[PDB]
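Text of structure-v2.cif (mmCIF, N, CA and C atoms) as supplied:
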```cif
data_coords
loop_
_atom_site.label_atom_id
_atom_site.label_comp_id
_atom_site.auth_asym_id
_atom_site.auth_seq_id
_atom_site.Cartn_x
_atom_site.Cartn_y
_atom_site.Cartn_z
N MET A 1 24.70 13.45 1.20
CA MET A 1 23.25 13.55 0.94
C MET A 1 22.71 12.15 0.66
N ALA A 2 21.41 11.91 0.88
CA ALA A 2 20.79 10.59 0.78
C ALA A 2 19.26 10.68 0.70
N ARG A 3 18.61 9.52 0.74
CA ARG A 3 17.20 9.28 0.97
C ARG A 3 17.07 8.49 2.24
N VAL A 4 16.43 9.08 3.24
CA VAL A 4 16.02 8.39 4.45
C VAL A 4 14.58 7.92 4.19
N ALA A 5 14.20 6.72 4.64
CA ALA A 5 12.81 6.31 4.63
C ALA A 5 12.28 6.40 6.07
N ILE A 6 10.97 6.57 6.25
CA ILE A 6 10.34 6.62 7.57
C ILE A 6 9.05 5.78 7.49
N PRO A 7 8.89 4.75 8.33
CA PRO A 7 7.72 3.90 8.41
C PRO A 7 6.57 4.70 9.01
N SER A 8 5.64 5.16 8.18
CA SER A 8 4.44 5.88 8.57
C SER A 8 3.25 4.90 8.57
N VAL A 9 2.08 5.38 9.00
CA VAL A 9 0.81 4.68 8.80
C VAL A 9 -0.21 5.63 8.14
N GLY A 10 0.22 6.50 7.21
CA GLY A 10 -0.65 7.39 6.44
C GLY A 10 0.14 8.28 5.50
N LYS A 11 -0.52 9.24 4.82
CA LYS A 11 0.06 9.94 3.67
C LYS A 11 0.02 11.45 3.86
N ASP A 12 0.30 11.87 5.09
CA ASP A 12 0.57 13.25 5.46
C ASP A 12 1.77 13.24 6.40
N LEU A 13 2.52 14.34 6.43
CA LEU A 13 3.82 14.46 7.11
C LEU A 13 3.68 14.58 8.64
N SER A 14 2.47 14.71 9.17
CA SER A 14 2.24 14.49 10.59
C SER A 14 1.32 13.28 10.78
N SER A 15 1.47 12.23 9.97
CA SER A 15 0.86 10.96 10.32
C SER A 15 1.75 10.28 11.36
N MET A 16 1.29 9.23 12.04
CA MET A 16 2.08 8.61 13.10
C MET A 16 3.16 7.73 12.45
N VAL A 17 4.37 7.74 13.02
CA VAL A 17 5.42 6.80 12.66
C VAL A 17 5.07 5.47 13.35
N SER A 18 5.24 4.37 12.62
CA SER A 18 4.95 3.02 13.06
C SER A 18 6.16 2.51 13.84
N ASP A 19 5.93 1.68 14.86
CA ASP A 19 7.00 1.20 15.74
C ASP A 19 7.68 -0.04 15.13
N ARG A 20 7.88 -0.09 13.81
CA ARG A 20 8.15 -1.32 13.07
C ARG A 20 8.32 -0.99 11.60
N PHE A 21 9.54 -1.08 11.09
CA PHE A 21 9.82 -0.92 9.67
C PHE A 21 8.96 -1.85 8.82
N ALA A 22 9.17 -3.16 8.95
CA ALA A 22 8.55 -4.14 8.06
C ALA A 22 7.10 -4.44 8.47
N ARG A 23 6.51 -3.65 9.38
CA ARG A 23 5.08 -3.64 9.60
C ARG A 23 4.57 -2.19 9.60
N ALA A 24 5.13 -1.34 8.74
CA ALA A 24 4.58 -0.01 8.57
C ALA A 24 3.47 -0.09 7.52
N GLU A 25 2.87 1.03 7.14
CA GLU A 25 1.95 1.03 6.00
C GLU A 25 2.29 1.99 4.86
N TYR A 26 3.19 2.93 5.10
CA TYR A 26 3.64 3.94 4.17
C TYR A 26 5.12 4.14 4.48
N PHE A 27 5.90 4.60 3.50
CA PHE A 27 7.31 4.91 3.70
C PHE A 27 7.59 6.26 3.08
N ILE A 28 7.96 7.20 3.92
CA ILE A 28 8.11 8.59 3.53
C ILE A 28 9.59 8.75 3.21
N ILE A 29 9.95 9.09 1.97
CA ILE A 29 11.33 9.10 1.51
C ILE A 29 11.77 10.55 1.32
N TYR A 30 12.46 11.08 2.32
CA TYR A 30 12.97 12.44 2.35
C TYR A 30 14.32 12.47 1.61
N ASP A 31 14.34 13.12 0.44
CA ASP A 31 15.48 13.39 -0.43
C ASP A 31 16.31 14.57 0.08
N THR A 32 17.45 14.32 0.74
CA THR A 32 18.24 15.39 1.36
C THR A 32 19.03 16.23 0.33
N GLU A 33 18.42 16.59 -0.79
CA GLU A 33 19.01 17.45 -1.81
C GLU A 33 18.08 18.53 -2.22
N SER A 34 16.79 18.25 -2.31
CA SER A 34 15.87 19.30 -2.63
C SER A 34 14.63 19.29 -1.72
N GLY A 35 14.81 18.95 -0.44
CA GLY A 35 13.77 18.89 0.59
C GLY A 35 12.49 18.21 0.10
N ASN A 36 12.63 17.27 -0.84
CA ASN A 36 11.52 16.62 -1.51
C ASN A 36 11.17 15.37 -0.72
N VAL A 37 9.92 14.96 -0.76
CA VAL A 37 9.43 13.77 -0.11
C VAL A 37 8.58 12.97 -1.10
N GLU A 38 8.59 11.66 -0.94
CA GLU A 38 7.76 10.71 -1.66
C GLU A 38 7.03 9.91 -0.59
N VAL A 39 5.73 9.69 -0.74
CA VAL A 39 4.98 8.80 0.13
C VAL A 39 4.81 7.50 -0.64
N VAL A 40 5.51 6.46 -0.21
CA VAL A 40 5.26 5.10 -0.62
C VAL A 40 4.06 4.61 0.20
N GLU A 41 3.31 3.67 -0.35
CA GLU A 41 2.15 3.02 0.25
C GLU A 41 2.46 1.53 0.14
N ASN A 42 2.86 0.90 1.24
CA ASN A 42 3.43 -0.45 1.25
C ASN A 42 2.61 -1.22 2.25
N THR A 43 1.84 -2.19 1.79
CA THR A 43 0.82 -2.82 2.59
C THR A 43 1.39 -4.11 3.17
N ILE A 44 2.31 -3.93 4.13
CA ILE A 44 3.04 -4.97 4.83
C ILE A 44 2.59 -4.98 6.28
N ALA A 45 1.65 -5.87 6.62
CA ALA A 45 1.11 -6.01 7.97
C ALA A 45 1.04 -7.49 8.33
N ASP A 46 2.14 -8.23 8.16
CA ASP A 46 2.26 -9.62 8.61
C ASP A 46 3.75 -9.98 8.68
N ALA A 47 4.10 -11.25 8.91
CA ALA A 47 5.44 -11.80 8.81
C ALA A 47 5.43 -13.05 7.91
N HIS A 48 6.62 -13.61 7.67
CA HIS A 48 6.95 -14.58 6.63
C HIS A 48 6.72 -14.03 5.22
N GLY A 49 6.89 -14.88 4.20
CA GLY A 49 6.99 -14.50 2.80
C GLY A 49 8.37 -14.86 2.25
N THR A 50 8.61 -14.58 0.97
CA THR A 50 9.88 -14.80 0.30
C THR A 50 10.20 -13.55 -0.54
N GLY A 51 11.44 -13.09 -0.44
CA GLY A 51 11.91 -11.83 -1.00
C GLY A 51 11.58 -10.67 -0.06
N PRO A 52 12.30 -9.54 -0.16
CA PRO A 52 12.03 -8.37 0.67
C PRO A 52 10.72 -7.71 0.29
N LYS A 53 10.54 -7.35 -0.99
CA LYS A 53 9.47 -6.52 -1.52
C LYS A 53 9.45 -5.12 -0.90
N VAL A 54 9.24 -4.99 0.41
CA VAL A 54 9.30 -3.72 1.13
C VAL A 54 10.64 -3.05 0.80
N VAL A 55 11.73 -3.72 1.18
CA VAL A 55 13.10 -3.29 0.94
C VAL A 55 13.33 -3.12 -0.56
N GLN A 56 13.02 -4.12 -1.40
CA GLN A 56 13.25 -4.06 -2.85
C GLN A 56 12.76 -2.72 -3.43
N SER A 57 11.54 -2.31 -3.09
CA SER A 57 10.95 -1.08 -3.58
C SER A 57 11.76 0.14 -3.15
N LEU A 58 11.87 0.38 -1.84
CA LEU A 58 12.55 1.52 -1.23
C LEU A 58 13.99 1.63 -1.73
N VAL A 59 14.70 0.51 -1.74
CA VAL A 59 16.06 0.37 -2.24
C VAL A 59 16.13 0.81 -3.69
N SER A 60 15.19 0.39 -4.53
CA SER A 60 15.09 0.79 -5.92
C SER A 60 14.63 2.25 -6.07
N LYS A 61 14.54 3.02 -4.98
CA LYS A 61 14.38 4.47 -4.99
C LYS A 61 15.56 5.07 -4.21
N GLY A 62 16.74 4.46 -4.37
CA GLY A 62 18.04 4.83 -3.84
C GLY A 62 18.18 4.92 -2.32
N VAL A 63 17.17 4.58 -1.51
CA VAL A 63 17.13 4.79 -0.06
C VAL A 63 18.36 4.22 0.66
N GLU A 64 19.26 5.09 1.15
CA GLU A 64 20.47 4.67 1.89
C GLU A 64 20.34 4.93 3.40
N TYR A 65 19.15 4.78 3.96
CA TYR A 65 18.88 5.15 5.34
C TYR A 65 17.45 4.76 5.67
N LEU A 66 17.10 4.81 6.94
CA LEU A 66 15.77 4.54 7.44
C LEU A 66 15.71 5.02 8.89
N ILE A 67 14.53 5.40 9.36
CA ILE A 67 14.25 5.81 10.73
C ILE A 67 13.21 4.83 11.25
N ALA A 68 13.62 3.77 11.93
CA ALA A 68 12.74 2.68 12.34
C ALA A 68 13.22 2.04 13.65
N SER A 69 12.45 2.29 14.69
CA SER A 69 12.61 1.81 16.05
C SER A 69 12.85 0.30 16.19
N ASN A 70 12.34 -0.50 15.25
CA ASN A 70 12.27 -1.95 15.29
C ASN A 70 11.88 -2.39 13.88
N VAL A 71 11.78 -3.70 13.65
CA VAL A 71 11.33 -4.25 12.39
C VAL A 71 10.24 -5.29 12.68
N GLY A 72 9.36 -5.52 11.70
CA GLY A 72 8.43 -6.64 11.68
C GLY A 72 9.16 -7.95 12.01
N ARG A 73 10.15 -8.24 11.17
CA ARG A 73 10.95 -9.45 10.91
C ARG A 73 11.37 -9.36 9.42
N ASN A 74 12.08 -10.37 8.91
CA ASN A 74 12.55 -10.57 7.53
C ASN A 74 12.75 -9.31 6.69
N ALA A 75 13.62 -8.39 7.15
CA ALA A 75 14.01 -7.24 6.35
C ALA A 75 15.39 -6.68 6.72
N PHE A 76 15.81 -6.82 7.98
CA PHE A 76 16.99 -6.14 8.51
C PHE A 76 18.26 -6.52 7.77
N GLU A 77 18.37 -7.77 7.31
CA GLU A 77 19.52 -8.23 6.56
C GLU A 77 19.54 -7.62 5.16
N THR A 78 18.37 -7.38 4.57
CA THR A 78 18.25 -6.87 3.22
C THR A 78 18.35 -5.34 3.22
N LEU A 79 18.19 -4.71 4.39
CA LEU A 79 18.45 -3.30 4.60
C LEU A 79 19.93 -3.07 4.38
N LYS A 80 20.76 -3.63 5.25
CA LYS A 80 22.20 -3.49 5.18
C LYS A 80 22.84 -4.04 3.91
N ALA A 81 22.22 -5.02 3.27
CA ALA A 81 22.59 -5.46 1.92
C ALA A 81 22.64 -4.30 0.92
N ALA A 82 21.82 -3.26 1.11
CA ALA A 82 21.85 -2.03 0.32
C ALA A 82 22.36 -0.86 1.16
N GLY A 83 23.33 -1.09 2.04
CA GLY A 83 23.95 -0.10 2.92
C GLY A 83 23.00 0.78 3.73
N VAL A 84 21.80 0.31 4.04
CA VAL A 84 20.75 1.16 4.58
C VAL A 84 21.00 1.38 6.07
N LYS A 85 21.29 2.63 6.43
CA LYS A 85 21.53 2.99 7.82
C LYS A 85 20.18 3.15 8.54
N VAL A 86 19.79 2.18 9.35
CA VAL A 86 18.52 2.13 10.07
C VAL A 86 18.73 2.74 11.46
N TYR A 87 18.15 3.92 11.69
CA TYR A 87 18.04 4.55 12.99
C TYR A 87 16.90 3.96 13.81
N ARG A 88 16.92 4.19 15.11
CA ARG A 88 15.80 4.09 16.03
C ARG A 88 14.99 5.37 15.87
N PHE A 89 13.69 5.33 16.13
CA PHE A 89 12.90 6.50 16.53
C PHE A 89 12.07 6.08 17.76
N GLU A 90 11.50 7.00 18.53
CA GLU A 90 10.68 6.65 19.69
C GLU A 90 9.65 7.76 19.95
N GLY A 91 8.45 7.62 19.38
CA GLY A 91 7.27 8.43 19.71
C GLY A 91 7.16 9.77 18.98
N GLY A 92 6.58 9.79 17.78
CA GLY A 92 6.52 10.97 16.93
C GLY A 92 5.71 10.73 15.66
N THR A 93 5.24 11.80 15.03
CA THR A 93 4.71 11.76 13.68
C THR A 93 5.86 11.82 12.67
N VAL A 94 5.59 11.64 11.37
CA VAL A 94 6.63 11.58 10.35
C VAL A 94 7.67 12.69 10.49
N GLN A 95 7.30 13.95 10.76
CA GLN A 95 8.29 15.02 10.93
C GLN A 95 9.27 14.80 12.07
N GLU A 96 8.83 14.21 13.17
CA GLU A 96 9.61 14.01 14.38
C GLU A 96 10.75 13.07 14.06
N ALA A 97 10.48 11.97 13.35
CA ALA A 97 11.52 11.09 12.87
C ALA A 97 12.65 11.85 12.14
N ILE A 98 12.35 12.98 11.50
CA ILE A 98 13.29 13.76 10.70
C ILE A 98 13.96 14.75 11.61
N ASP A 99 13.20 15.64 12.24
CA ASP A 99 13.63 16.68 13.17
C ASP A 99 14.54 16.07 14.22
N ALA A 100 14.18 14.88 14.69
CA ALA A 100 14.96 14.17 15.68
C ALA A 100 16.30 13.73 15.07
N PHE A 101 16.26 13.00 13.95
CA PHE A 101 17.43 12.50 13.24
C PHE A 101 18.37 13.63 12.81
N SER A 102 17.81 14.69 12.22
CA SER A 102 18.52 15.78 11.58
C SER A 102 19.26 16.61 12.61
N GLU A 103 18.69 16.73 13.81
CA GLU A 103 19.33 17.45 14.90
C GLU A 103 19.82 16.44 15.94
N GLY A 104 20.32 15.30 15.46
CA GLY A 104 21.09 14.31 16.19
C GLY A 104 20.49 13.89 17.53
N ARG A 105 19.18 13.64 17.60
CA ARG A 105 18.51 13.06 18.75
C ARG A 105 17.87 11.72 18.38
N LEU A 106 18.51 10.90 17.55
CA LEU A 106 18.08 9.53 17.35
C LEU A 106 19.31 8.62 17.43
N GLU A 107 19.09 7.30 17.46
CA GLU A 107 20.14 6.32 17.71
C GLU A 107 20.34 5.50 16.43
N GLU A 108 21.55 5.04 16.14
CA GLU A 108 21.79 4.10 15.06
C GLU A 108 21.42 2.72 15.60
N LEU A 109 20.48 2.01 14.96
CA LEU A 109 19.91 0.76 15.45
C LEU A 109 20.51 -0.42 14.69
N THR A 110 21.80 -0.65 14.89
CA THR A 110 22.61 -1.56 14.09
C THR A 110 22.72 -2.94 14.73
N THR A 111 21.62 -3.38 15.34
CA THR A 111 21.25 -4.67 15.93
C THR A 111 20.11 -4.34 16.92
N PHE A 112 19.36 -5.33 17.37
CA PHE A 112 18.33 -5.22 18.41
C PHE A 112 17.99 -6.64 18.87
N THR A 113 17.25 -6.73 19.96
CA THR A 113 16.88 -8.00 20.60
C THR A 113 15.50 -8.45 20.09
N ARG A 114 15.13 -9.73 20.24
CA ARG A 114 13.77 -10.22 20.02
C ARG A 114 13.64 -11.59 20.66
N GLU A 115 12.92 -11.68 21.77
CA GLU A 115 12.68 -12.93 22.47
C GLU A 115 11.51 -13.72 21.87
N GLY A 116 11.37 -13.71 20.55
CA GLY A 116 10.31 -14.37 19.80
C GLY A 116 10.92 -15.25 18.74
#
```
Please, can you express the file's structure as C-alpha cells?
Amino acid sequence: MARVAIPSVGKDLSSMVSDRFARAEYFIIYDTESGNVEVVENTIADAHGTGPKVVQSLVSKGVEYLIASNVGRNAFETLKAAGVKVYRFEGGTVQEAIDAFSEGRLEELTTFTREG
C-alpha cells in the first residue's frame, strides 16, 4: 500500500492531468488504504530555483509513487531520493491516471529524453 501523487490542474477528480510533474498545479494524493484523496495546490509553473519544494511537500505526506508523463525539470532526482515510483500517464483526467495505473495500463517512467 502507498500514496500515489497525480499532477492535476484543478481540485476535482475529473480535472485534467498535466503533462508534467514539476509544472502541474495540484497534486492528488490517493491513499491506497482507505480510498482517501488529498488535493495539494502547488503553484509550480516555471523552471530553475533551489530545493525541490514540490517534492519536499508531497514526500512529507509519505508519497512513494507518482503518475507523471514527464517533468518540468529539477525534480526527478529528488523523486527517487524518496523512493518515488514515477509512472507515465498519457491523456486523461485525474481518475484516468488511477484507473489506468491500478489496472496496469501505465508505464514505469524510470528515465526519459529531453533535447533542451
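Residue membership of the PyMOL selection byres (((chain A and resi 19-35 and name CA) around 6) and name CA) in the shown file amounts to residues 1, 2, 3, 4, 5, 6, 7, 8, 9, 10, 18, 36, 37, 38, 39, 40, 41, 42, 43, 44, 45, 68, 69, 70, 71 and 72 of chain A.
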Could you take the residues named above and write them with N, CA and C atoms, as a PDB file, keeping the file's coordinate frame?
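Result file again.pdb:
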```pdb
ATOM      1  N   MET A   1      24.700  13.450   1.200  1.00  0.00           N
ATOM      2  CA  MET A   1      23.250  13.550   0.940  1.00  0.00           C
ATOM      3  C   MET A   1      22.710  12.150   0.660  1.00  0.00           C
ATOM      4  N   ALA A   2      21.410  11.910   0.880  1.00  0.00           N
ATOM      5  CA  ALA A   2      20.790  10.590   0.780  1.00  0.00           C
ATOM      6  C   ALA A   2      19.260  10.680   0.700  1.00  0.00           C
ATOM      7  N   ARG A   3      18.610   9.520   0.740  1.00  0.00           N
ATOM      8  CA  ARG A   3      17.200   9.280   0.970  1.00  0.00           C
ATOM      9  C   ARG A   3      17.070   8.490   2.240  1.00  0.00           C
ATOM     10  N   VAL A   4      16.430   9.080   3.240  1.00  0.00           N
ATOM     11  CA  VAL A   4      16.020   8.390   4.450  1.00  0.00           C
ATOM     12  C   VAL A   4      14.580   7.920   4.190  1.00  0.00           C
ATOM     13  N   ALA A   5      14.200   6.720   4.640  1.00  0.00           N
ATOM     14  CA  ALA A   5      12.810   6.310   4.630  1.00  0.00           C
ATOM     15  C   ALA A   5      12.280   6.400   6.070  1.00  0.00           C
ATOM     16  N   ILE A   6      10.970   6.570   6.250  1.00  0.00           N
ATOM     17  CA  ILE A   6      10.340   6.620   7.570  1.00  0.00           C
ATOM     18  C   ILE A   6       9.050   5.780   7.490  1.00  0.00           C
ATOM     19  N   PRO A   7       8.890   4.750   8.330  1.00  0.00           N
ATOM     20  CA  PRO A   7       7.720   3.900   8.410  1.00  0.00           C
ATOM     21  C   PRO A   7       6.570   4.700   9.010  1.00  0.00           C
ATOM     22  N   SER A   8       5.640   5.160   8.180  1.00  0.00           N
ATOM     23  CA  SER A   8       4.440   5.880   8.570  1.00  0.00           C
ATOM     24  C   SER A   8       3.250   4.900   8.570  1.00  0.00           C
ATOM     25  N   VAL A   9       2.080   5.380   9.000  1.00  0.00           N
ATOM     26  CA  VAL A   9       0.810   4.680   8.800  1.00  0.00           C
ATOM     27  C   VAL A   9      -0.210   5.630   8.140  1.00  0.00           C
ATOM     28  N   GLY A  10       0.220   6.500   7.210  1.00  0.00           N
ATOM     29  CA  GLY A  10      -0.650   7.390   6.440  1.00  0.00           C
ATOM     30  C   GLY A  10       0.140   8.280   5.500  1.00  0.00           C
ATOM     31  N   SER A  18       5.240   4.370  12.620  1.00  0.00           N
ATOM     32  CA  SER A  18       4.950   3.020  13.060  1.00  0.00           C
ATOM     33  C   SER A  18       6.160   2.510  13.840  1.00  0.00           C
ATOM     34  N   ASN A  36      12.630  17.270  -0.840  1.00  0.00           N
ATOM     35  CA  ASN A  36      11.520  16.620  -1.510  1.00  0.00           C
ATOM     36  C   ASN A  36      11.170  15.370  -0.720  1.00  0.00           C
ATOM     37  N   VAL A  37       9.920  14.960  -0.760  1.00  0.00           N
ATOM     38  CA  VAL A  37       9.430  13.770  -0.110  1.00  0.00           C
ATOM     39  C   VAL A  37       8.580  12.970  -1.100  1.00  0.00           C
ATOM     40  N   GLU A  38       8.590  11.660  -0.940  1.00  0.00           N
ATOM     41  CA  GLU A  38       7.760  10.710  -1.660  1.00  0.00           C
ATOM     42  C   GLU A  38       7.030   9.910  -0.590  1.00  0.00           C
ATOM     43  N   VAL A  39       5.730   9.690  -0.740  1.00  0.00           N
ATOM     44  CA  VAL A  39       4.980   8.800   0.130  1.00  0.00           C
ATOM     45  C   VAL A  39       4.810   7.500  -0.640  1.00  0.00           C
ATOM     46  N   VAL A  40       5.510   6.460  -0.210  1.00  0.00           N
ATOM     47  CA  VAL A  40       5.260   5.100  -0.620  1.00  0.00           C
ATOM     48  C   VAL A  40       4.060   4.610   0.200  1.00  0.00           C
ATOM     49  N   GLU A  41       3.310   3.670  -0.350  1.00  0.00           N
ATOM     50  CA  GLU A  41       2.150   3.020   0.250  1.00  0.00           C
ATOM     51  C   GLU A  41       2.460   1.530   0.140  1.00  0.00           C
ATOM     52  N   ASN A  42       2.860   0.900   1.240  1.00  0.00           N
ATOM     53  CA  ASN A  42       3.430  -0.450   1.250  1.00  0.00           C
ATOM     54  C   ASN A  42       2.610  -1.220   2.250  1.00  0.00           C
ATOM     55  N   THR A  43       1.840  -2.190   1.790  1.00  0.00           N
ATOM     56  CA  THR A  43       0.820  -2.820   2.590  1.00  0.00           C
ATOM     57  C   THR A  43       1.390  -4.110   3.170  1.00  0.00           C
ATOM     58  N   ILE A  44       2.310  -3.930   4.130  1.00  0.00           N
ATOM     59  CA  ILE A  44       3.040  -4.970   4.830  1.00  0.00           C
ATOM     60  C   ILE A  44       2.590  -4.980   6.280  1.00  0.00           C
ATOM     61  N   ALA A  45       1.650  -5.870   6.620  1.00  0.00           N
ATOM     62  CA  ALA A  45       1.110  -6.010   7.970  1.00  0.00           C
ATOM     63  C   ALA A  45       1.040  -7.490   8.330  1.00  0.00           C
ATOM     64  N   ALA A  68      13.620   3.770  11.930  1.00  0.00           N
ATOM     65  CA  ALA A  68      12.740   2.680  12.340  1.00  0.00           C
ATOM     66  C   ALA A  68      13.220   2.040  13.650  1.00  0.00           C
ATOM     67  N   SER A  69      12.450   2.290  14.690  1.00  0.00           N
ATOM     68  CA  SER A  69      12.610   1.810  16.050  1.00  0.00           C
ATOM     69  C   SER A  69      12.850   0.300  16.190  1.00  0.00           C
ATOM     70  N   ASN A  70      12.340  -0.500  15.250  1.00  0.00           N
ATOM     71  CA  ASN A  70      12.270  -1.950  15.290  1.00  0.00           C
ATOM     72  C   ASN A  70      11.880  -2.390  13.880  1.00  0.00           C
ATOM     73  N   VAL A  71      11.780  -3.700  13.650  1.00  0.00           N
ATOM     74  CA  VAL A  71      11.330  -4.250  12.390  1.00  0.00           C
ATOM     75  C   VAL A  71      10.240  -5.290  12.680  1.00  0.00           C
ATOM     76  N   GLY A  72       9.360  -5.520  11.700  1.00  0.00           N
ATOM     77  CA  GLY A  72       8.430  -6.640  11.680  1.00  0.00           C
ATOM     78  C   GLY A  72       9.160  -7.950  12.010  1.00  0.00           C
TER      79      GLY A  72
END
```
Write out as JSON an axis-aligned box for stretch 54-71 of chain A: all of its atoms listed in the file, 5 Å added on each side, centre and edge lengths in Å with one decimal.
```
{"center_x": 14.9, "center_y": 0.3, "center_z": 5.1, "size_x": 21.2, "size_y": 21.1, "size_z": 32.3}
```
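Atom CA of residue A:17 is positioned 17.2 Å from atom CA of residue A:46.
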Using Å and a single decimal, report how far atom N of residue A:103 sits from atom C of residue A:53.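 Between atom C of residue A:53 and atom N of residue A:103 the gap works out to 27.9 Å.
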Using DSSP secondary structure from the backbone, list all alpha helix (DSSP H) positions within chain A, as a ChimeraX atom specification. /A:54-59,76-80,94-102
Can I get the selected residues back with N, CA and C atoms, as a compact mmCIF listing (two decimals), in the coordinates of the input?
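Output file out01.txt is given in full below:
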```
# COMPACT_ATOMS: atom_id res chain seq x y z
N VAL A 54 9.24 -4.99 0.41
CA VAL A 54 9.30 -3.72 1.13
C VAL A 54 10.64 -3.05 0.80
N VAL A 55 11.73 -3.72 1.18
CA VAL A 55 13.10 -3.29 0.94
C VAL A 55 13.33 -3.12 -0.56
N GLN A 56 13.02 -4.12 -1.40
CA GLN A 56 13.25 -4.06 -2.85
C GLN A 56 12.76 -2.72 -3.43
N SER A 57 11.54 -2.31 -3.09
CA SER A 57 10.95 -1.08 -3.58
C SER A 57 11.76 0.14 -3.15
N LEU A 58 11.87 0.38 -1.84
CA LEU A 58 12.55 1.52 -1.23
C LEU A 58 13.99 1.63 -1.73
N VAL A 59 14.70 0.51 -1.74
CA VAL A 59 16.06 0.37 -2.24
C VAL A 59 16.13 0.81 -3.69
N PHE A 76 15.81 -6.82 7.98
CA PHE A 76 16.99 -6.14 8.51
C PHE A 76 18.26 -6.52 7.77
N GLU A 77 18.37 -7.77 7.31
CA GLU A 77 19.52 -8.23 6.56
C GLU A 77 19.54 -7.62 5.16
N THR A 78 18.37 -7.38 4.57
CA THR A 78 18.25 -6.87 3.22
C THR A 78 18.35 -5.34 3.22
N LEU A 79 18.19 -4.71 4.39
CA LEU A 79 18.45 -3.30 4.60
C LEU A 79 19.93 -3.07 4.38
N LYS A 80 20.76 -3.63 5.25
CA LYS A 80 22.20 -3.49 5.18
C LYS A 80 22.84 -4.04 3.91
N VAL A 94 5.59 11.64 11.37
CA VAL A 94 6.63 11.58 10.35
C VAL A 94 7.67 12.69 10.49
N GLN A 95 7.30 13.95 10.76
CA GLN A 95 8.29 15.02 10.93
C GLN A 95 9.27 14.80 12.07
N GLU A 96 8.83 14.21 13.17
CA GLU A 96 9.61 14.01 14.38
C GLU A 96 10.75 13.07 14.06
N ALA A 97 10.48 11.97 13.35
CA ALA A 97 11.52 11.09 12.87
C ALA A 97 12.65 11.85 12.14
N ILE A 98 12.35 12.98 11.50
CA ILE A 98 13.29 13.76 10.70
C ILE A 98 13.96 14.75 11.61
N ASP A 99 13.20 15.64 12.24
CA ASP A 99 13.63 16.68 13.17
C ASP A 99 14.54 16.07 14.22
N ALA A 100 14.18 14.88 14.69
CA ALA A 100 14.96 14.17 15.68
C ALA A 100 16.30 13.73 15.07
N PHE A 101 16.26 13.00 13.95
CA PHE A 101 17.43 12.50 13.24
C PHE A 101 18.37 13.63 12.81
N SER A 102 17.81 14.69 12.22
CA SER A 102 18.52 15.78 11.58
C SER A 102 19.26 16.61 12.61
```
Need the shell around residue A:95: protein/DNA/RNA residues with any atom at most 8 Å away, counting only N, CA and C atoms. Skip same-chain ones fewer than 5 positions apart. Format as a PyMOL selection string? chain A and resi 12-17+100-101
Reference answer for the PyMOL selection byres ((chain A and resi 65) around 6.5), as a VMD selection string: chain A and resid 3 to 5 62 to 64 66 to 67 83 to 87
Between atom CA of residue A:94 and atom N of residue A:113, what is the spacing in Å?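 Calculated distance between atom N of residue A:113 and atom CA of residue A:94 is 23.2 Å.
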Option closest in space to residue A:82, from A:54, A:47, A:109, A:59 [counting only C-alpha atoms]: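 Among A:54, A:47, A:109, A:59, it is A:59 that comes nearest to residue A:82.
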In chain A, DSSP strand (DSSP E) residues written as a PyMOL selection string: chain A and resi 3-8+26-31+36-41+65-67+85-87
For residue A:74, list every protein, DNA or RNA residue within 8 Å, evaluated using all atoms listed in the file, and leave out those in the same chain fewer than 6 positions away; present the list as number ranges by chain. A: 22, 47-49, 51-52, 55
Since the input is missing atoms, can you rebuild N, CA, C and O atoms for stretch 71-79 of chain A and write them as a PDB file, keeping the file's coordinate frame?
```
ATOM      1  N   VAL A  71      11.780  -3.700  13.650  1.00  0.00           N
ATOM      2  CA  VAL A  71      11.330  -4.250  12.390  1.00  0.00           C
ATOM      3  C   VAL A  71      10.240  -5.290  12.680  1.00  0.00           C
ATOM      4  O   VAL A  71      10.159  -5.824  13.790  1.00  0.00           O
ATOM      5  N   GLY A  72       9.360  -5.520  11.700  1.00  0.00           N
ATOM      6  CA  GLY A  72       8.430  -6.640  11.680  1.00  0.00           C
ATOM      7  C   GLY A  72       9.160  -7.950  12.010  1.00  0.00           C
ATOM      8  O   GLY A  72       8.888  -8.604  13.019  1.00  0.00           O
ATOM      9  N   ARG A  73      10.150  -8.240  11.170  1.00  0.00           N
ATOM     10  CA  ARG A  73      10.950  -9.450  10.910  1.00  0.00           C
ATOM     11  C   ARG A  73      11.370  -9.360   9.420  1.00  0.00           C
ATOM     12  O   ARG A  73      11.053  -8.353   8.779  1.00  0.00           O
ATOM     13  N   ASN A  74      12.080 -10.370   8.910  1.00  0.00           N
ATOM     14  CA  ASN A  74      12.550 -10.570   7.530  1.00  0.00           C
ATOM     15  C   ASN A  74      12.750  -9.310   6.690  1.00  0.00           C
ATOM     16  O   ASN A  74      12.180  -9.158   5.608  1.00  0.00           O
ATOM     17  N   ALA A  75      13.620  -8.390   7.150  1.00  0.00           N
ATOM     18  CA  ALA A  75      14.010  -7.240   6.350  1.00  0.00           C
ATOM     19  C   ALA A  75      15.390  -6.680   6.720  1.00  0.00           C
ATOM     20  O   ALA A  75      16.045  -6.094   5.870  1.00  0.00           O
ATOM     21  N   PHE A  76      15.810  -6.820   7.980  1.00  0.00           N
ATOM     22  CA  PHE A  76      16.990  -6.140   8.510  1.00  0.00           C
ATOM     23  C   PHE A  76      18.260  -6.520   7.770  1.00  0.00           C
ATOM     24  O   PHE A  76      19.131  -5.675   7.584  1.00  0.00           O
ATOM     25  N   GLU A  77      18.370  -7.770   7.310  1.00  0.00           N
ATOM     26  CA  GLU A  77      19.520  -8.230   6.560  1.00  0.00           C
ATOM     27  C   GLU A  77      19.540  -7.620   5.160  1.00  0.00           C
ATOM     28  O   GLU A  77      20.612  -7.332   4.624  1.00  0.00           O
ATOM     29  N   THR A  78      18.370  -7.380   4.570  1.00  0.00           N
ATOM     30  CA  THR A  78      18.250  -6.870   3.220  1.00  0.00           C
ATOM     31  C   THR A  78      18.350  -5.340   3.220  1.00  0.00           C
ATOM     32  O   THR A  78      18.594  -4.740   2.175  1.00  0.00           O
ATOM     33  N   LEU A  79      18.190  -4.710   4.390  1.00  0.00           N
ATOM     34  CA  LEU A  79      18.450  -3.300   4.600  1.00  0.00           C
ATOM     35  C   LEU A  79      19.930  -3.070   4.380  1.00  0.00           C
ATOM     36  O   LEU A  79      20.349  -2.439   3.421  1.00  0.00           O
TER      37      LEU A  79
END
```
